[PDB]
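Take a look at this single chain, the form deposited in one PDB entry, given in structure tokens.
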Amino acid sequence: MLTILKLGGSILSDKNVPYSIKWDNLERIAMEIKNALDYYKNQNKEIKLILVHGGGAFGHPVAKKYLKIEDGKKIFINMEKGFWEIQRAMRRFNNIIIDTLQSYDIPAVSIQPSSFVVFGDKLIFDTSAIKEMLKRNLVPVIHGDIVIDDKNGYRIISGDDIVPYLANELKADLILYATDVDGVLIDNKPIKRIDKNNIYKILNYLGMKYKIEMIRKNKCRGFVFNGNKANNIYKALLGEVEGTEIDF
């Protein structure tokens, strides 16, 4: 029924190249998603799909201009300008991704967190709109953004936040983390799986820490795999496993 596919801010834009886009990779990814959705239409199987991407070479480079170290602590200043400028950057990125998805007849739509998400001690994030969108078989595309934080003023909600939240808030059947590594790497090897068992000895060794952690905190079950290898995204969507499983 409901799958959430995160596109790791990396396979979409080169983070060391401010304002860059990996066009061919992006166009391939859109195609695989399209082929996947098409596959389901054939099996006459109804699938609901949400998409998340990061700030890639857009969010971060601009955010940077408004983060200064106040004694080992990231601080946002000049947000009278910074809030918009970070919104704008993320909008450019969001537009580019949605347009490309659209060119493949993928019914993508923009979800812009900065407008309504408050990263308060208790995350505030009304999903009413998204649930409706899913009833119409639209594909909400959500992105890491700048958001208000009723405690610290501003925060940079990331995909790793949105994904688990929504998976749980919406009861997602499948969770996908597309990225530039074949899965969670230990000693440079993608562990086949991650449970309640070998978990303990992994948090220690330490998808990164942040993820794994608040994706067990929601008792989720997602796959971390490589979005750069042609066909991986397609397969991932059909309920295959090509990377690291994280069950909770």
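Position 1 is the first residue in the sequence shown; the rest follow in order. Take the two forms, superpose them, and find the largest set of C-alpha atoms that agree within 1.5 Å; that set is the rigid core.
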{"property": "Extent of unmodelled deposited sequence, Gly207 relative to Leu206", "result": "10 or more"}
{"property": "Which of 151-159 and 103-111 has higher mean CA B factor, as the PDB entry lists it", "result": "151-159"}
{"property": "Residue stretch of maximal mean CA temperature factor, 208-216 vs 36-44", "result": "208-216"}
{"property": "Among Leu51, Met31, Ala57, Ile194 - the residue whose C-alpha B-factor is largest in the record", "result": "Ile194"}
{"property": "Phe225 by Cα B-factor - lowest, middle or highest third of the modelled chain", "result": "highest"}
{"property": "For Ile75, the third of its chain into which the C-alpha B factor falls", "result": "highest"}
{"property": "Chain third (lowest, middle, highest) by recorded CA B-factor, residue given as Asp24", "result": "lowest"}
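Keep in mind the form deposited in another entry is missing from the figure; the text below concerns it.
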query	finding
2 Å-or-more CA mover between the shown form and the other one, where superposition uses the core and the choices are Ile33, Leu49, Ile212, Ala63	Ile212
Rigid-core frame, C-alpha of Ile186, shift of 2 angstroms or more between the shown form and the other one	yes
